[PDB]
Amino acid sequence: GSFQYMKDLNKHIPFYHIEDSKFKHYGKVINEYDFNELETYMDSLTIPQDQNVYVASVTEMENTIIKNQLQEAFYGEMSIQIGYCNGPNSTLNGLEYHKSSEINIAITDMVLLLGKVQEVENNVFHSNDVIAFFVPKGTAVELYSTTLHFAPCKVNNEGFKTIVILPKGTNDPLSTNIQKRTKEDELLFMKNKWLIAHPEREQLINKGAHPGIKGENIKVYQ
């Protein structure tokens, strides 16, 4: 099916299924929960064709039995938000991390281009360290805090839909302009979000993102 097709089209990058043991360094597949209340909301959305969209916190999705289950158990009673990231993207563009776990639920098939925070050296990450993981429709994953990640890359021509679950407030605008002291301070970009942008990605550079991906702006062919 789509997995083998995509693997064949992407021999320029290491390209694995999300169920591969290689994913274990980056996160965990979550199997025990069902997400019908969230799927219902996501069915009412359209995928944008001009650029990706991200909404960090959606009342409809947070006002659900499943959000309470995930807050009290998966996040150990820390307050969460549930949003979405949908779009037409096929390129790496940037890599971010949070000092928290993220859940991504694939509402369509999609690909995640991932890295490790430990592979950042002096605010540079090399494209040649990226690994791609094919995530089938319906699979939920935890991305660990040490996993660099960004918007998905599409599998179907029509683009992708994903649910994104984070501690409440993550990705909100910064309310203060810190006096930068550490290397990582150069990467802080939104609340609980550190970002390394590809220099060829003008949409990020124009917002003041730190240019730090060295290498190709990887494309996922489909």
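In this text, residue numbers run from 1 along the sequence as written.
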Take the C-alpha B-factors listed in the entry for 88-96 and for 71-79, compute each mean, and give the stretch with the larger one.
88-96
Ranked by mean Cα B-factor in the entry, 213-221 and 3-11, top stretch is 3-11
Of the options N192, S44, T162, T182, which has the highest CA B factor as deposited?
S44
Between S57, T64, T176, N171, let me know which has the highest C-alpha B-factor in the entry?
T176
Quick check for you: using the entry's CA B-factors within this chain, is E121 in the lowest, middle or highest third?
highest
Please place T139 in the lowest, middle or highest third of its chain by C-alpha B factor as given in the entry.
middle
